Amino acid sequence: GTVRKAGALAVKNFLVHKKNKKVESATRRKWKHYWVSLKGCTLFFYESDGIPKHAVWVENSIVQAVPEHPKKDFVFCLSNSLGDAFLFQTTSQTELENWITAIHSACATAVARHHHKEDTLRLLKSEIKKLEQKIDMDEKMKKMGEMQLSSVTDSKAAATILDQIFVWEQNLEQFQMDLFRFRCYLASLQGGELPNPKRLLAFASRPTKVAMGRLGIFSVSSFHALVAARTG
């Protein structure tokens with residue numbers, strides 16, 4: 001409940017997930033300036049012309065720099081655990097990095113408290129290892145199922161296997177996203193470099209690539225929103 005970071009930020013809605021379960025582009029709006037405080041795992045927005053006006057819960061979030069934003073420098077994008085994303089602009093490159101580190105650190109903390117552990121670093125490493133194993137197992141089984149398909153003549157049995165193949169496809173996306181997120185949280189705590197966004201995007205399934213094409217956006221942020229929108 002302590003203030004981890006506070007500062008001036010311009011803010012704009014970027015993706016929204018209202019219904020159901022469909023991520024859409026947010027209606028176009030002016031950037032709005034706020035004094036913004038990160039307390040625990042929540043960003044509080046205060047009208048600079050004066051108790052918080054808005055509050056955004058950012059547990060299990062991902063924050064990514066958007067250096068290629070057209071009209072603006074020091075823009076970053078936070079995608080939450082529900083399928084929404086938000087654009088923020090800060091005052092400098094250093095403060096951008098500071099904001100990323102502080103949000104990811106609050107997240108790392110909230111995760112540790114969810115597993116009732118005090119040693120956040122140890123927990124994150126444990127969760128990272130577990131995900132890596134889940135992923136390895138399900139990639140192997142998925143391949144086994146695909147190969148198995150050509151020797152299954154009964155269409156009902158084949159259909160059931162195809163179902164599980166696609167279930168693994170979706171789960172693998174989610175696991176990869178979660179792993180990326182935990183690597184962000186771990187980097188924040190270690191002063192390490194963030195995981196590679198382009199590597200993550202290579203794990204997008206075909207239906208996700210289609211969806212992104214519909215949003216008109218191919219980024220860690222839109223990928224994350226789509227996955228999270230599945231409450232995945």
Side-chain angles (χ1 to χ4, degrees), residues 1-7 9 11-21 23 26 34-46 51-66 76-88 90 96-131 134 170-171 173-190 192 194-195 197 200 219-232:
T2 204
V3 176
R4 226 197 186 71
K5 184 160 181 60
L9 290 181
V11 196
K12 165 182 296 209
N13 284 7
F14 184 56
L15 301 166
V16 303
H17 168 240
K18 301 183 169 300
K19 278 153 144 72
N20 221 77
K21 307 141 191 304
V23 178
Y34 287 110
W35 177 266
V36 178
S37 189
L38 171 71
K39 290 203 275 169
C41 238
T42 303
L43 298 167
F44 293 93
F45 298 73
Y46 298 88
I51 285 297
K53 179 128 186 299
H54 290 284
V56 178
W57 178 62
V58 304
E59 240 191 279
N60 295 286
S61 283
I62 299 180
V63 192
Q64 294 279 273
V66 191
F76 60 95
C77 186
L78 181 154
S79 49
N80 70 6
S81 54
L82 314 184
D84 317 292
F86 301 97
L87 288 179
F88 296 98
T90 185
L96 173 140
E97 290 170 30
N98 283 348
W99 273 108
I100 284 179
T101 294
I103 291 156
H104 284 162
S105 278
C107 287
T109 289
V111 167
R113 288 181 196 171
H114 181 268
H115 287 73
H116 310 283
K117 302 308 182 159
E118 320 95 278
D119 186 355
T120 300
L121 198 48
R122 174 170 178 196
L123 174 70
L124 289 182
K125 279 155 108 95
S126 169
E127 290 296 291
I128 280 165
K129 171 179 168 188
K130 283 186 179 55
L131 274 167
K134 290 177 188 157
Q170 302 267 103
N171 291 357
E173 266 187 338
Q174 183 203 132
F175 292 152
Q176 285 291 6
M177 186 60 55
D178 287 330
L179 172 64
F180 181 88
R181 186 156 62 68
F182 289 152
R183 288 173 168 159
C184 289
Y185 297 170
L186 177 61
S188 94
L189 262 43
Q190 292 188 317
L194 291 182
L200 176 60
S219 65
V220 170
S221 295
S222 72
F223 188 10
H224 186 220
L226 286 157
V227 172
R230 316 203 295 251
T231 315

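Only heavy atoms go into these numbers, but all of them, side chains included; no hydrogens, no water, no symmetry mates. This chain uses plain numbering: 1 for the first residue, then up along the sequence.
- What you find for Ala6 and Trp35 is that their closest heavy atoms are CB-CZ2, 3.7 Å.
- A 4.5 Å side-chain heavy-atom check between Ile103 and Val58 finds at least one atom pair inside the cut-off.
- Under the 4.5 Å side-chain criterion, counting only non-hydrogen atoms from C-beta, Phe86 is in contact with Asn80.
- Looking only at atom types and distance, the side chain of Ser79 has a donor-acceptor partner in the side chain of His224 under 3.5 Å away.
- Between the side chain of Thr101 and the backbone N or O of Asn98, no donor-acceptor pair lies under 3.5 Å.
- Residues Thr120 and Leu189 share a closest heavy-atom pair of CG2-CD2, 3.6 Å.
- In plain terms, the two heavy atoms of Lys21 and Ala229 that are nearest each other are CB-O, 3.4 Å.
- Here the rule is side chain to side chain contact (heavy atoms under 4.5 Å, CB included) with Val23, and of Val16, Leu226, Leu82 only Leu226 fits it.
- With rounding to the nearest 0.5 angstrom, the OH atom of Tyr34 is 12.5 Å from the CG atom of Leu43.
- With a 4.5 Å cut-off on side-chain heavy atoms, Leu9 and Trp99 count as touching.
- Identified under the salt bridge (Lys or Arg N to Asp or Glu O under 4.0 Å) test for residues 173-190, with sequence neighbours left out: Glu132-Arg183, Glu173-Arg230, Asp178-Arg181.
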Exercise. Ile128 and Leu186: side-chain contact (heavy atoms from CB on, under 4.5 Å), yes or no, with the steps?
Worked result: CA-CA 9 Å; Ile128 280 165; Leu186 177 61; 4.0 Å; yes
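- To the nearest 0.5 Å, the span separating CZ on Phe14 from CZ on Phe88 amounts to 12.5 Å.
- For the pair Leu123/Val111, a side-chain contact is recorded, criterion being any heavy-atom separation below 4.5 Å from C-beta on.
- Minimum heavy-atom separation, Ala228 to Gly83: CB-N, 3.9 Å.
- Panel note: side chain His104, backbone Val63; a donor-acceptor pair is recorded below 3.5 Å.
- Taking every heavy atom of both residues into account, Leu200 and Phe223 meet most closely at O-CE2, 3.5 Å.
- Residue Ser221 comes nearest to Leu15 through the heavy atom pair O-CD1, 4.1 Å, listed as atom of the first residue, atom of the second, then distance.
- Put simply, the side chain of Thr90 reaches to within 4.5 Å of the side chain of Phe76, judged on heavy atoms.
- Side-chain contact between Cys107 and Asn60 is absent, with no heavy atoms from C-beta onward closer than 4.5 Å.
- Stacking of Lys53 on the aromatic ring of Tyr46 is not recorded, the 6.0 Å distance cut-off and the 45° axial limit not both being met.
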For this session: Run the numbers on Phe44 and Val36 for side-chain contact (heavy atoms from CB on, under 4.5 Å), then give the verdict.
Result: CA-CA 5 Å; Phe44 293 93; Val36 178; over 6 Å; no
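- Distance NE2/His114 to CD/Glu127: 10.0 Å, rounded to 0.5 Å.
- No side-chain heavy atom of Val11 sits under 4.5 Å from any side-chain heavy atom of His54.
- Contact check for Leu38 versus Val3: no side-chain heavy atoms found under the 4.5 Å cut-off.
- Note that the NE2 atom of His115 and the CG atom of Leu124 stand 9.5 Å from one another [nearest 0.5 Å].
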Exercise. Going through the checks in order, is the side-chain contact (heavy atoms from CB on, under 4.5 Å) test met by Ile62 and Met177?
Worked result: CA-CA 10 Å; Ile62 299 180; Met177 186 60 55; 3.8 Å; yes
Problem set entry | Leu194/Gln64 under side-chain contact (heavy atoms from CB on, under 4.5 Å): CA gap, chis, key distance, verdict | CA-CA 9 Å; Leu194 291 182; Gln64 294 279 273; 4.0 Å; yes
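- By the 6.0 Å contact criterion, CZ on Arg4 is enclosed, its count of non-hydrogen atoms from other residues, nucleotides or ligands being greater than 12.
- The structure places CD1 of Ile100 at 11.5 Å from NZ of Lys5, a figure rounded to the nearest 0.5 Å.
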